[PDB]
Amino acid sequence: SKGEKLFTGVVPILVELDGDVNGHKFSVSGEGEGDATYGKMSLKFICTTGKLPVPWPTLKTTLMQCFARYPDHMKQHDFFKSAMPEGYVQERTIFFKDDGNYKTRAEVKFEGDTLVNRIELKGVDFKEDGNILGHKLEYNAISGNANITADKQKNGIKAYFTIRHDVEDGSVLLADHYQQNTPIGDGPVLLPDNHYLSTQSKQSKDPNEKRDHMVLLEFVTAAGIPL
């Protein structure tokens, strides 16, 4: 593959998510730009159905690892770009400790020059008064590592990592992520050695936006293989 050449400049991003958590339906739309040369995404997300029924932080990892910066010495390990433009399916189960889980499925692919991430999400078994449905999480940035491994049986990758969400009472809500990605096309892909993606995030609000929303500035770098 030569998917990597699709990412050498600034790429427009479109994100769509339809969710259902304990029967509470909602939609999110996002836009921005990616500049994988610097690992950068600049994004704004809006809840298009009114108020979001779960906290924005719990949806961040669901709402494009193809924009990571792979150092030159690790370019052979970039599955995500190698699958483009036809794209990949990204599926996760996220288990929130002592609460419910999200199951997500997304297709990430080019539609012309725009990188589009379409997502459904279903959440079940949430506590109606817990830290999620009760909106008890701090609106703060999520940074950290996603561990990537090859999944040769599926001609893709798996990933795993735990997000530590800050709760307003000073505790932490652990979100244990299990991820599987598979190419949509039948062209060749890169199957990587073990490595991780490190994400540095800045999260904010747009003072002129009246809709329920989240603004993000993300930098994502591949690491874990020296040189």
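Position 1 is the first residue in the sequence shown; the rest follow in order.
Coordinates are lacking for 1 to 3 deposited residues between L63 and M64. For the pair 178 to 186 and 29 to 37, the record assigns the higher mean C-alpha temperature factor to 178 to 186. The mean Cα B-factor in the deposited entry runs higher for 20 to 28 than for the other of 20 to 28 and 6 to 14.
When the Cα B-factors of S82, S143, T149, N155 are read from the PDB record, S143 comes out highest. Across the options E128, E86, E120, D72, the residue with the most elevated CA B-factor in the record is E128. Sort the chain's modelled residues by C-alpha temperature factor and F110 lands in the lowest third, per the entry. The PDB entry assigns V172 a C-alpha temperature factor belonging to the highest third of its chain's modelled residues. Per the PDB record, residue ranking by Cα B-factor puts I46 in the lowest third of the chain. In the PDB entry, a CA B factor belonging to the lowest third of its chain's modelled residues is recorded for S198.
Remark: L59 belongs to the lowest third of its chain, ranked by C-alpha B-factor as recorded.
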